[PDB]
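Take a look at the structure set out below.
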Amino acid sequence: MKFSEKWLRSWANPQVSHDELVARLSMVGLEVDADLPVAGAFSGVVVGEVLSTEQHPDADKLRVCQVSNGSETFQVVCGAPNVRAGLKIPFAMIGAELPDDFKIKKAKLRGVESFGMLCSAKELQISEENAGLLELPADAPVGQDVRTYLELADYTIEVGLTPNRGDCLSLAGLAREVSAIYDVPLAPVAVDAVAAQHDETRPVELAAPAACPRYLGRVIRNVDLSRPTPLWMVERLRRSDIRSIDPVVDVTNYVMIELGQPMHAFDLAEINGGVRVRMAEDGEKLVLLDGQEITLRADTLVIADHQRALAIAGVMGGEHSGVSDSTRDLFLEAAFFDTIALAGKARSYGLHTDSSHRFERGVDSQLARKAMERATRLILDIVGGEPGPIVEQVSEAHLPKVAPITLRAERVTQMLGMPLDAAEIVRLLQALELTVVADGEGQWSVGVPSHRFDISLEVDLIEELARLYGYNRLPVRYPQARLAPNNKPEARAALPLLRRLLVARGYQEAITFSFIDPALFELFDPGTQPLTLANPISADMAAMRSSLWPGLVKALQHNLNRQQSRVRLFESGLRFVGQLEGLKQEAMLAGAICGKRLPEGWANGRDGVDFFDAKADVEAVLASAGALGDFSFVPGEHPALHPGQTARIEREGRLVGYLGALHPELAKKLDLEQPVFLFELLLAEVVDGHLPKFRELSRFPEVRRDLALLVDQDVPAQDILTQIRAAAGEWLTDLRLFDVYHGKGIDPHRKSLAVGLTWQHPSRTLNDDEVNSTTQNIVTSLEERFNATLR
Amino acid sequence: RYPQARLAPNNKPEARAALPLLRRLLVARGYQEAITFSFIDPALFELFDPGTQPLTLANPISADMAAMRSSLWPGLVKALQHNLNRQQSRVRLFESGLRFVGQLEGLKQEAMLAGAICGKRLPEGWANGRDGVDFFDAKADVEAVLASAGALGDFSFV
Amino acid sequence: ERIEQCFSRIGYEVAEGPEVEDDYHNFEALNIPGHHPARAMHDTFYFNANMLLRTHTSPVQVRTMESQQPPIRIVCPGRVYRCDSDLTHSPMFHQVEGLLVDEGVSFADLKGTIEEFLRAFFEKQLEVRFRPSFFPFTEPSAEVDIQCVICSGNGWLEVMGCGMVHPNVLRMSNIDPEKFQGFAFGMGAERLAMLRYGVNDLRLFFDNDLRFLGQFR
Amino acid sequence: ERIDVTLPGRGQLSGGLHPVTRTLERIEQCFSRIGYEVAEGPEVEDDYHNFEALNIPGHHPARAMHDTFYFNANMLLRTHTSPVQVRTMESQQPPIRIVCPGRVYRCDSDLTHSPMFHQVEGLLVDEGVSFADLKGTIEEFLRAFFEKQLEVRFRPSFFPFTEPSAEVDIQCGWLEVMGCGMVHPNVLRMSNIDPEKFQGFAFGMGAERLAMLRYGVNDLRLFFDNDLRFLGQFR
Ligand SMILES: Cc1ccc(OCc2nc(C(=O)N[C@H]3CCS(=O)(=O)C3)cs2)cc1
Ligand SMILES: Cc1ccc(OCc2nc(C(=O)N[C@H]3CCS(=O)(=O)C3)cs2)cc1
């Protein structure tokens with residue numbers, strides 16, 4: 001909402017400077033978005049009158065004019081194509097200071113003496129109209145300072161209104177606030193009833209009184225629509241960001257911006273048998289004044305005649321019913337439309353107007369009549385004509401009525417953290433035009449004025465009090481709490497814990513978009529239909545991810561293309577699996593690595609990362625809550641991964657996730673030349689651990705035995721290690737695979753597994769006989785289960 | 001009943017490396033946390049702190065628990081060799097605690113973070129090199145700690 | 001992490017919810033009527049008529065109010081989504097929302113909480129300004145400003161919003177507004193991170209360039 | 001054809017923390033989450049902070065060389081973390097909400113008792129604090145700590161620094177796990193806190209005792225040997 005401060009101050013003057021007013025406005029809940037001067041600075045410019053013009057005898061593009069300042073006649077040489085006798089213009093006398101340090105001096109232009117200059121709006125920084133001289137009203141006061149006359153000592157304040165302050169969508173609304181804020185007299189425009197000159201009316205029917213409980217209509221005969229909108233109105237509208245279009249629209253707009261009442265004028269000749277305020281028929285067609293052809297719905301209120309719809313009630317007029325050049329007679333409209341009935345209606349047709357906005361936000365239900373009289377007077381002043389009587393059709397039953405609210409002083413003290421005096425409370429609420437009647441000790445019955453649509457509860461009253469008292473003047477307290485000692489279980493691996501572990505283990509944390517390209521989704525999840533957005537921002541951001549991998553891989557190659565060799569990234573976030581019916585939204589921890597195993601350094605080996613580097617990272621995470629043993633890495637397969645280098649991770653047979661090298665074919669497709677290692681873990685299956693259960697420490701020495709085992713190249717190492725543990729007896733304290741050999745010294749389809757077996761008895765020393773005995777049973781077990789051999 | 005409190009949101013500065021943070025970093029970096037007695041043998045104290053008179057107890061529990069430590073090193077080294085003698089090859093320990101420096105008049109009781117390592121650089125494993133730990137392995141551990149609050153550049157190893 | 005710590009140290013529980021939400025939890029339960037412009041496809045990402053990507057973490061606070069009776073002290077950090085994006089705004093971002101529902105909560109309590117949170121967060125005894133604003137879920141409501149002591153490039157800045165929980169919001173989730181009062185607050189994580197770290201361009205947050213990321217080690 | 005098996009991963013894996021450290025962290029967290037500040041002090045303390053300020057008279061048996069480690073006539077190794085709570089009471093005026101974990105020392109040791117150990121002490125000093133407040137605090141702490149809705153018993157006991165005082169038992173037919181009490185008027189008075197305006201409660205517990213209960217540790221001597229075979233069990 002934009003406005004001229006001068007015009008506001010003509011209703012309620014705060015008696016403080018501009019800066020003070022703009023500051024306070026935001027502090028009371030009307031945030032100022034801009035405060036700008038209406039024009040540039042200048043002095044010595046008065047209203048001048050061109051008495052005569054003559055053709056300059058030595059330059060055809062120039063004229064020799066006689067101009068009066070109401071005190072004296074000066075010869076001014078002018079080259080503007082519009083300079084003519086009778087014209088009221090800004091006369092810059094000798095000595096006048098114009099913008100950008102332009103001082104008017106004496107001149108002898110092509111042998112002719114000039115005692116001043118006549119100006120354009122551009123020259124004065126009034127408008128950008130340099131086409132010619134700023135033509136002032138025929139009735140301008142000759143000699144008066146142009147800044148005084150054109151009200152140039154002014155600013156335009158723009159307020160970013162909140163949806164609850166629809167009442168502030170006018171100068172009337174804004175001036176009421178200022179009067180409340182500053183406890184100053186409010187002087188509203190006195191609107192005298194315009195007396196009917198004739199008896200011509202048009203009947204008005206309220207076919208939908210619940211959607212329009214009040215409608216006012218007036219016949220204005222023999223209007224001259226060729227006449228121009230006066231400057232004061234153009235300036236007031238302009239200073240509110242309303243561009244002048246035609247005299248009749250300008251006044252209905254002016255009345256709206258001045259008082260808050262949106263109004264509409266029809267060409268009386270386009271009204272067949274009077275007005276019918278009714279709902280549209282399903283598929284009723286109406287062409288708007290902007291040319292748009294709307295196909296209406298039964299839920300939409302229209303202003304119609306006895307033949308057809310004329311306008312979409314409170315939003316926009318029709319082309320046919322509206323004023324044209326041929327218009328000689330008017331039918332003025334000022335009505336109240338219910339906010340609930342109008343909510344979202346303009347939007348549903350892809351429309352938004354100053355009228356639709358004010359009606360949706362709320363228009364004072366009692367205002368139509370003052371607005372009607374005001375617009376009548378302005379129409380007669382601007383375009384003439386003869387007014388008939390006002391036809392008021394009202395439905396008392398459907399008029400908005402808010403029940404009085406009881407405000408308790410204790411409730412204000414409680415909420416504000418301090419008591420307010422009864423006199424202060426009454427003063428403040430009455431300033432906002434609320435009706436405050438005492439209802440015993442520290443209680444009142446308060447009534448809501450017709451312009452306010454946000455007040456129905458006791459808390460809304462407290463809000464108003466806090467707002468005008470000053471939010472920053474209110475006390476500061478910290479909330480009381482009966483708090484008890486508490487904690488989460490000890491044996492759990494939380495995500496903040498895991499993140500820091502990954503950090504320590506050389507990972508950088510990435511955050512990628514949850515919605516990816518469906519084509520990317522298809523690469524990592526082939527037969528799966530993603531959960532696809534109905535209104536995606538772009539089509540390459542349409543699919544909800546079922547893996548953090550496409551996004552991580554994409555961030556990895558983003559870096560690779562940016563001169564990065566070693567990219568170690570991790571992300572945590574939701575996975576979206578299935579369609580709405582059955583959708584699983586699971587938190588995942590995923591990681592992606594590439595490049596050298598170690599950073600470049602004098603002390604570091606130049607080996608590239610592999611599977612087993614990523615494996616250690618997963619192991620470290622999986623052991624974070626002392627439950628590593630609960631997990632198993634089984635040879636598995638995943639479409640995004642290399643089938644020869646993929647591990648399916650399980651806990652009690654349930655799937656934890658996957659670990660593996662990104663599939664070489666996927667890499668080809670993505671133009672990725674480096675091997676990439678991925679892992680993804682379902683956080684729900686990682687968080688639980690086990691509390692340490694102490695096992696007694698032996699006072700006796702441990703015994704170690706090393707075994708070199710020849711096995712088929714394809715038999716899994718963990719299958720052998722599991723068999724060894726099962727056959728080692730009760731005293732085995734440690735089992736270590738310290739080497740794997742797949743060389744020339746043995747068969748090309750076999751491998752040697754060098755294992756270290758440690759035993760410790762808790763109550764004595766172990767003898768060589770029993771240990772050799774246990775060792776042979778391990779071997780025997782591996783001979784029968786894997787056809788193993790000692791090297 | 002549970003006591004009522006007018007509590008206000010609060011926090012410590014963001015850019016700081018707290019001891020619980022550092023402990024977890026050293027855990028991730030392959031260290032085991034030890035807790036050793038603050039009072040050591042005067043002879044051990046002398047080995048690590050030549051020329052200084054320890055702050056000695058008047059009624060020590062034993063004579064080999066008479067000296068207040070001026071370093072967590074004698075205690076850490078002792079826990080390290082305790083393990084070495086108990087069939088351990090790779091011992092990676094850290095401790096945090098007070099050091100006692102000076103006599104009663106002027107005594108400084110400063111919190112220290114100390115670490116001690118020995119054995120193979122890496123644990124025994126099929127994929128791991130059999131190199132023994134050295135200076136530069138411990139250096140990386142100190143570097144990682146010193147960089148924990150984005151101030152690594154503030155430190156110099158001379 | 002930092003925002004959570006300011007409250008978890010004082011009894012606030014960290015609450016999480018789903019990112020794919022329903023119109024009841026995301027709008028209706030928060031006093032946002034069916035005809036409200038926030039619900040439109042110009043601002044909200046939809047799957048169908050009823051299912052969407054959450055516009056805030058407020059639904060988490062709703063799910064908490066349904067699950068338990070007061071006292072409630074929660075902080076709700078999370079990924080949130082908005083349709084109307086380009087520069088200055090991303091389709092995905094992070095925010096932390098707060099809720100405290102007890103027997104005798106005031107606007108003074110709210111001011112104290114917010115002012116001390118900001119002081120704690122920015123590690124300065126900075127000036128805090130409360131400006132009246134509007135939200136369907138809160139009444140009274142405020143936009144919170146702080147001085148430019150944390151720059152606009154390393155005299156006030158809007159950093160967050162708050163308000164007293166609306167009676168209808170409580171009522172809808174079976175909390176009696178006569179017995180229980182409450183306050184809520186909201187803030188954008190990226191905005192805060194930008195203020196804290198001197199980050200100029202919001203788009204650096206989702207590119208994941210190592211040259212950006214590495215600076216926060 | 002570049003297939004591989006699922007052998008162990010390469011390199012270094014995590015170590016772990018000491019069981020006492022885990023226990024202290026856990027105890028602190030139960031209180032820090034509800035406004036308690038972690039307070040630390042020196043281990044080499046004076047007579048005043050360690051005894052006198054705590055209503056322990058000069059002739060009291062706790063002061064003797066049979067229980068307390070001394071450097072000279074007034075300087076000692078602290079027998080508790082209570083001096084830290086004293087230093088806090090001197091430094092500030094109420095409200096005070098602190099937890100004081102730390103190394104403490106006792107002369108009379110062998111088995112069942114070590115010359116050095118760890119304990120966490122608590123202190124809350126405000127305007128209207130009661131014994132009901134103390135019971136609530138302790139009962140909820142223990143349930144939080146042992147992750148069970150266990151039965152809590154308060155038995156009347158004695159301490160020079162508290163009145164009334166209690167020994168706190170939990171089931172498993174009961175086990176004594178900690179002590180507490182309402183701060184003695186003389187203790188507050190001595191540290192310029194008016195006992196007419198301010199009330200307070202304090203509590204004390206041994207970390208090793210708690211760790212032993214939690215982890216099933218039989219012998220208290222395992223805590224200071226630092227055997228890797230012991231330590232490794234708390235990864
Ligand atoms: C049940 C319930 C009740 C109230 C709630 O209020 C959450 C709130 N949010 C704000 C707010 O200003 N939010 C925006 C600030 C910047 S941002 O990141 O765009 C989010 C104010 S009060 C939530 C849930
Ligand atoms: C100023 C001040 C006032 C009062 C204080 O009371 C500390 C307390 N301690 C206990 C207690 O039972 N302690 C022992 C339990 C097991 S243990 O490890 O032997 C220590 C009870 S109340 C402390 C400081």
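Ligands are numbered from 1 in the order shown, residues from 1 within each chain, and chains are lettered A, B, ... in the order they appear in the structure tokens.
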Quiz item: Near chain D, which residues of chain C fall within 10 Å when you count only C-alpha atoms, and what do they look like as an MDAnalysis selection string?
Solution: chainID C and resid 5 7:13
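The shell of residues at most 8 Å from residue C:161, with only C-alpha atoms counted and near chain neighbours (fewer than 2 positions) removed, consists of residues 141, 142, 143, 144, 159, 163, 185, 186 and 187 of chain C.
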Produce a file of the selected residues containing N, CA, C and O atoms, as a PDB file, in the first residue's frame.
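Output below, filename selection.pdb:
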```
ATOM      1  N   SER C 141       2.308 -11.941  17.017  1.00  0.00           N
ATOM      2  CA  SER C 141       3.452 -12.437  16.266  1.00  0.00           C
ATOM      3  C   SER C 141       4.486 -11.334  16.066  1.00  0.00           C
ATOM      4  O   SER C 141       4.149 -10.150  16.071  1.00  0.00           O
ATOM      5  N   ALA C 142       5.753 -11.728  15.878  1.00  0.00           N
ATOM      6  CA  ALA C 142       6.820 -10.767  15.650  1.00  0.00           C
ATOM      7  C   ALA C 142       7.873 -11.214  14.642  1.00  0.00           C
ATOM      8  O   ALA C 142       8.146 -12.415  14.490  1.00  0.00           O
ATOM      9  N   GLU C 143       8.447 -10.226  13.933  1.00  0.00           N
ATOM     10  CA  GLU C 143       9.599 -10.422  13.062  1.00  0.00           C
ATOM     11  C   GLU C 143      10.771  -9.935  13.941  1.00  0.00           C
ATOM     12  O   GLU C 143      10.679  -8.882  14.600  1.00  0.00           O
ATOM     13  N   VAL C 144      11.817 -10.753  14.033  1.00  0.00           N
ATOM     14  CA  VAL C 144      12.938 -10.440  14.879  1.00  0.00           C
ATOM     15  C   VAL C 144      14.130  -9.967  14.067  1.00  0.00           C
ATOM     16  O   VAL C 144      14.570 -10.624  13.113  1.00  0.00           O
ATOM     17  N   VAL C 159      16.148 -11.672  11.121  1.00  0.00           N
ATOM     18  CA  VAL C 159      16.781 -12.998  11.138  1.00  0.00           C
ATOM     19  C   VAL C 159      15.840 -14.174  11.398  1.00  0.00           C
ATOM     20  O   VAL C 159      16.207 -15.324  11.100  1.00  0.00           O
ATOM     21  N   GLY C 163       6.054 -15.942  17.760  1.00  0.00           N
ATOM     22  CA  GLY C 163       4.716 -15.557  18.190  1.00  0.00           C
ATOM     23  C   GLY C 163       4.176 -16.511  19.232  1.00  0.00           C
ATOM     24  O   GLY C 163       4.772 -17.563  19.488  1.00  0.00           O
ATOM     25  N   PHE C 185       8.601 -20.412  17.322  1.00  0.00           N
ATOM     26  CA  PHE C 185       9.563 -19.604  16.587  1.00  0.00           C
ATOM     27  C   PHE C 185      10.072 -20.364  15.375  1.00  0.00           C
ATOM     28  O   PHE C 185      10.037 -21.590  15.350  1.00  0.00           O
ATOM     29  N   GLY C 186      10.540 -19.635  14.386  1.00  0.00           N
ATOM     30  CA  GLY C 186      11.070 -20.205  13.156  1.00  0.00           C
ATOM     31  C   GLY C 186      12.262 -19.421  12.646  1.00  0.00           C
ATOM     32  O   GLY C 186      12.338 -18.201  12.820  1.00  0.00           O
ATOM     33  N   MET C 187      13.209 -20.118  12.019  1.00  0.00           N
ATOM     34  CA  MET C 187      14.406 -19.493  11.441  1.00  0.00           C
ATOM     35  C   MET C 187      14.954 -20.328  10.275  1.00  0.00           C
ATOM     36  O   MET C 187      14.850 -21.554  10.309  1.00  0.00           O
TER      37      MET C 187
END
```
Quiz prompt | Test item: residues at most 6 Å from stretch 12-23 of chain D, only C-alpha atoms, excluding those fewer than 2 positions along its chain, as a PyMOL selection string | solution = (chain B and resi 27-28+30-33+122) or (chain D and resi 25-26+211+235)
Selected residues, N, CA and C atoms, written as a PDB file, in the first residue's frame, please.
```pdb
ATOM      1  N   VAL B  27      40.184 -41.534  19.568  1.00  0.00           N
ATOM      2  CA  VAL B  27      39.518 -42.843  19.433  1.00  0.00           C
ATOM      3  C   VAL B  27      39.448 -43.246  17.931  1.00  0.00           C
ATOM      4  N   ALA B  28      38.906 -42.355  17.082  1.00  0.00           N
ATOM      5  CA  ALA B  28      38.817 -42.598  15.641  1.00  0.00           C
ATOM      6  C   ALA B  28      40.182 -42.807  14.982  1.00  0.00           C
ATOM      7  N   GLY B  30      42.651 -44.346  16.282  1.00  0.00           N
ATOM      8  CA  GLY B  30      43.136 -45.644  16.756  1.00  0.00           C
ATOM      9  C   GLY B  30      43.760 -45.706  18.127  1.00  0.00           C
ATOM     10  N   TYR B  31      43.310 -44.843  19.035  1.00  0.00           N
ATOM     11  CA  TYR B  31      43.826 -44.789  20.399  1.00  0.00           C
ATOM     12  C   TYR B  31      42.838 -45.304  21.434  1.00  0.00           C
ATOM     13  N   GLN B  32      43.415 -45.913  22.461  1.00  0.00           N
ATOM     14  CA  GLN B  32      42.736 -46.475  23.600  1.00  0.00           C
ATOM     15  C   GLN B  32      42.965 -45.508  24.769  1.00  0.00           C
ATOM     16  N   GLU B  33      41.908 -45.226  25.539  1.00  0.00           N
ATOM     17  CA  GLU B  33      42.039 -44.283  26.646  1.00  0.00           C
ATOM     18  C   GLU B  33      42.454 -44.948  27.947  1.00  0.00           C
ATOM     19  N   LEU B 122      50.257 -50.101  11.648  1.00  0.00           N
ATOM     20  CA  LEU B 122      48.922 -50.618  11.405  1.00  0.00           C
ATOM     21  C   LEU B 122      48.672 -51.895  12.139  1.00  0.00           C
TER      22      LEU B 122
ATOM     23  N   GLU D  25      30.852 -38.964  31.443  1.00  0.00           N
ATOM     24  CA  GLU D  25      30.136 -38.293  30.369  1.00  0.00           C
ATOM     25  C   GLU D  25      28.631 -38.452  30.584  1.00  0.00           C
ATOM     26  N   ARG D  26      28.174 -39.707  30.744  1.00  0.00           N
ATOM     27  CA  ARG D  26      26.781 -40.081  30.961  1.00  0.00           C
ATOM     28  C   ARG D  26      26.142 -39.362  32.169  1.00  0.00           C
ATOM     29  N   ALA D 211      30.146 -47.542  37.194  1.00  0.00           N
ATOM     30  CA  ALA D 211      30.730 -48.245  36.038  1.00  0.00           C
ATOM     31  C   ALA D 211      30.723 -49.759  36.276  1.00  0.00           C
ATOM     32  N   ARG D 235      34.870 -50.544  23.741  1.00  0.00           N
ATOM     33  CA  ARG D 235      34.919 -49.901  22.429  1.00  0.00           C
ATOM     34  C   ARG D 235      33.482 -49.621  21.861  1.00  0.00           C
TER      35      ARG D 235
END
```
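Going from atom CA of residue A:115 to atom CA of residue A:76 covers 5.5 Å.
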Practice problem: Pull out every residue of chain A that has at least one atom within 7 Å of chain C, counting only C-alpha atoms, and report them as number ranges by chain. | Solution: A: 26-29, 162, 343-344, 414-417, 463, 467, 471-472, 474-479, 510-513, 532-537, 555, 559, 585
Got time to write the residues from that selection, N, CA and C atoms, as an mmCIF file, in the first residue's frame?
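Full text of part-v2.cif as output:
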```cif
data_model
loop_
_atom_site.group_PDB
_atom_site.id
_atom_site.type_symbol
_atom_site.label_atom_id
_atom_site.label_comp_id
_atom_site.auth_asym_id
_atom_site.auth_seq_id
_atom_site.Cartn_x
_atom_site.Cartn_y
_atom_site.Cartn_z
ATOM 1 N N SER A 26 6.846 0.883 11.189
ATOM 2 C CA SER A 26 7.336 -0.488 11.211
ATOM 3 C C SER A 26 7.227 -1.059 12.634
ATOM 4 N N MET A 27 7.532 -0.219 13.659
ATOM 5 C CA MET A 27 7.466 -0.562 15.084
ATOM 6 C C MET A 27 6.055 -0.873 15.607
ATOM 7 N N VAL A 28 5.012 -0.506 14.839
ATOM 8 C CA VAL A 28 3.625 -0.738 15.235
ATOM 9 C C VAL A 28 2.963 -1.776 14.328
ATOM 10 N N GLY A 29 3.752 -2.388 13.440
ATOM 11 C CA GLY A 29 3.290 -3.460 12.569
ATOM 12 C C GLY A 29 2.905 -3.111 11.154
ATOM 13 N N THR A 162 0.189 -6.748 6.168
ATOM 14 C CA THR A 162 -0.027 -8.143 6.542
ATOM 15 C C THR A 162 -1.499 -8.454 6.218
ATOM 16 N N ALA A 343 -13.240 -15.422 -1.203
ATOM 17 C CA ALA A 343 -11.915 -16.026 -0.992
ATOM 18 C C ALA A 343 -11.498 -17.030 -2.100
ATOM 19 N N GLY A 344 -10.375 -16.706 -2.741
ATOM 20 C CA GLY A 344 -9.747 -17.467 -3.812
ATOM 21 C C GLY A 344 -10.426 -17.437 -5.165
ATOM 22 N N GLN A 414 -1.008 -11.056 32.340
ATOM 23 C CA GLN A 414 -0.405 -12.368 32.170
ATOM 24 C C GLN A 414 0.410 -12.460 30.866
ATOM 25 N N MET A 415 -0.227 -12.145 29.721
ATOM 26 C CA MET A 415 0.350 -12.234 28.394
ATOM 27 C C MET A 415 1.502 -11.255 28.152
ATOM 28 N N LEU A 416 1.332 -9.994 28.588
ATOM 29 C CA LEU A 416 2.314 -8.934 28.392
ATOM 30 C C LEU A 416 3.477 -8.997 29.381
ATOM 31 N N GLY A 417 3.265 -9.693 30.493
ATOM 32 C CA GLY A 417 4.249 -9.832 31.552
ATOM 33 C C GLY A 417 4.288 -8.602 32.430
ATOM 34 N N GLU A 463 -3.228 -8.295 21.541
ATOM 35 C CA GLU A 463 -2.332 -8.029 20.400
ATOM 36 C C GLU A 463 -2.292 -6.517 20.097
ATOM 37 N N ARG A 467 0.908 -4.038 20.588
ATOM 38 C CA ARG A 467 1.264 -3.380 19.343
ATOM 39 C C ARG A 467 1.434 -1.859 19.516
ATOM 40 N N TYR A 471 6.091 -3.298 21.489
ATOM 41 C CA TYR A 471 6.687 -4.630 21.677
ATOM 42 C C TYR A 471 8.024 -4.574 22.427
ATOM 43 N N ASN A 472 8.898 -3.621 22.056
ATOM 44 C CA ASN A 472 10.221 -3.471 22.649
ATOM 45 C C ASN A 472 10.196 -2.816 24.032
ATOM 46 N N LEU A 474 7.954 -3.884 26.309
ATOM 47 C CA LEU A 474 7.469 -4.986 27.132
ATOM 48 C C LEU A 474 8.589 -5.702 27.872
ATOM 49 N N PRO A 475 8.283 -6.293 29.045
ATOM 50 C CA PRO A 475 9.327 -7.004 29.799
ATOM 51 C C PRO A 475 9.903 -8.264 29.131
ATOM 52 N N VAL A 476 10.998 -8.759 29.706
ATOM 53 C CA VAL A 476 11.717 -9.944 29.265
ATOM 54 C C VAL A 476 11.856 -10.900 30.466
ATOM 55 N N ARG A 477 11.381 -12.118 30.265
ATOM 56 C CA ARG A 477 11.360 -13.161 31.260
ATOM 57 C C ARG A 477 11.827 -14.429 30.542
ATOM 58 N N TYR A 478 12.236 -15.456 31.311
ATOM 59 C CA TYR A 478 12.618 -16.765 30.779
ATOM 60 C C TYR A 478 11.613 -17.757 31.360
ATOM 61 N N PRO A 479 11.050 -18.635 30.510
ATOM 62 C CA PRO A 479 10.004 -19.543 30.985
ATOM 63 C C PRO A 479 10.424 -20.549 32.057
ATOM 64 N N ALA A 510 28.599 -33.420 2.109
ATOM 65 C CA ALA A 510 27.790 -32.871 1.020
ATOM 66 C C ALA A 510 26.291 -32.862 1.388
ATOM 67 N N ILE A 511 25.520 -31.948 0.786
ATOM 68 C CA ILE A 511 24.050 -31.885 0.907
ATOM 69 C C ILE A 511 23.532 -31.705 -0.512
ATOM 70 N N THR A 512 22.806 -32.707 -1.035
ATOM 71 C CA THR A 512 22.283 -32.713 -2.397
ATOM 72 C C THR A 512 20.731 -32.612 -2.421
ATOM 73 N N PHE A 513 20.148 -32.135 -3.565
ATOM 74 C CA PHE A 513 18.691 -32.020 -3.721
ATOM 75 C C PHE A 513 18.011 -33.391 -3.643
ATOM 76 N N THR A 532 7.104 -39.216 -8.192
ATOM 77 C CA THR A 532 7.232 -38.037 -9.045
ATOM 78 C C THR A 532 6.314 -36.892 -8.642
ATOM 79 N N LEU A 533 6.885 -35.686 -8.585
ATOM 80 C CA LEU A 533 6.167 -34.449 -8.304
ATOM 81 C C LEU A 533 5.162 -34.075 -9.420
ATOM 82 N N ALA A 534 4.029 -33.468 -9.031
ATOM 83 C CA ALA A 534 2.994 -33.013 -9.958
ATOM 84 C C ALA A 534 3.390 -31.654 -10.539
ATOM 85 N N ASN A 535 3.966 -30.755 -9.709
ATOM 86 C CA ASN A 535 4.407 -29.443 -10.181
ATOM 87 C C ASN A 535 5.913 -29.245 -9.960
ATOM 88 N N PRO A 536 6.819 -30.039 -10.597
ATOM 89 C CA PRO A 536 8.262 -29.846 -10.331
ATOM 90 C C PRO A 536 8.763 -28.501 -10.833
ATOM 91 N N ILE A 537 9.792 -27.944 -10.171
ATOM 92 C CA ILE A 537 10.428 -26.661 -10.499
ATOM 93 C C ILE A 537 10.960 -26.714 -11.941
ATOM 94 N N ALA A 555 27.821 -34.887 -7.362
ATOM 95 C CA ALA A 555 28.649 -33.913 -6.637
ATOM 96 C C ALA A 555 30.122 -34.312 -6.743
ATOM 97 N N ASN A 559 33.115 -32.031 -8.867
ATOM 98 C CA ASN A 559 34.439 -31.776 -8.332
ATOM 99 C C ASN A 559 35.549 -32.278 -9.226
ATOM 100 N N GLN A 585 9.863 -43.425 4.083
ATOM 101 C CA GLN A 585 10.746 -42.255 4.124
ATOM 102 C C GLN A 585 11.795 -42.541 5.168
#
```
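Note that the spacing between atom CA of residue A:392 and atom CA of residue A:206 amounts to 10.6 Å.
Reported to one decimal place, the separation of atom CA of residue A:497 from atom CA of residue D:228 is 23.9 Å.
Any residue of chain A with an atom within 6 Å of chain B counts; using only C-alpha atoms, that gives residues 478, 479, 480, 481, 482, 737, 738, 739 and 740 of chain A.
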Quiz item: Quick one: which residues from chain D are at most 8 Å off chain B, using only C-alpha atoms, as number ranges by chain?
Solution: D: 8-18, 35, 42-44, 65, 69-72, 75, 107-109, 115-116, 129, 132-137, 223-228, 231-232
Practice problem: Check which residues fall inside 8 Å of ligand 1 when counting only C-alpha atoms and all ligand atoms, and print them as an MDAnalysis selection string. | Solution: chainID C and resid 29:30 56:62 65 94:99 135 137:138 141:143 159:166 169:170 183:189 191
Exercise. With only C-alpha atoms and all ligand atoms counted, collect every polymer residue having an atom within 6 Å of ligand 2; state the result as a ChimeraX atom specification.
Key: /D:82,85-86,119,121,161-162,178-181,183,202-206
When you look at residue A:583 with a cut-off of 10 Å (counting only C-alpha atoms), what residues show up, excluding the ones that are within fewer than 6 positions of it in the same chain? I need them as an mmCIF file with C-alpha atoms, in the first residue's frame.
```cif
data_model
loop_
_atom_site.group_PDB
_atom_site.id
_atom_site.type_symbol
_atom_site.label_atom_id
_atom_site.label_comp_id
_atom_site.auth_asym_id
_atom_site.auth_seq_id
_atom_site.Cartn_x
_atom_site.Cartn_y
_atom_site.Cartn_z
ATOM 1 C CA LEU A 531 7.600 -40.867 -6.466
ATOM 2 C CA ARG A 575 15.119 -42.003 0.976
ATOM 3 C CA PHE A 576 11.675 -42.067 -0.719
ATOM 4 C CA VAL A 577 10.552 -45.632 -1.542
ATOM 5 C CA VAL C 20 6.402 -35.957 2.417
#
```
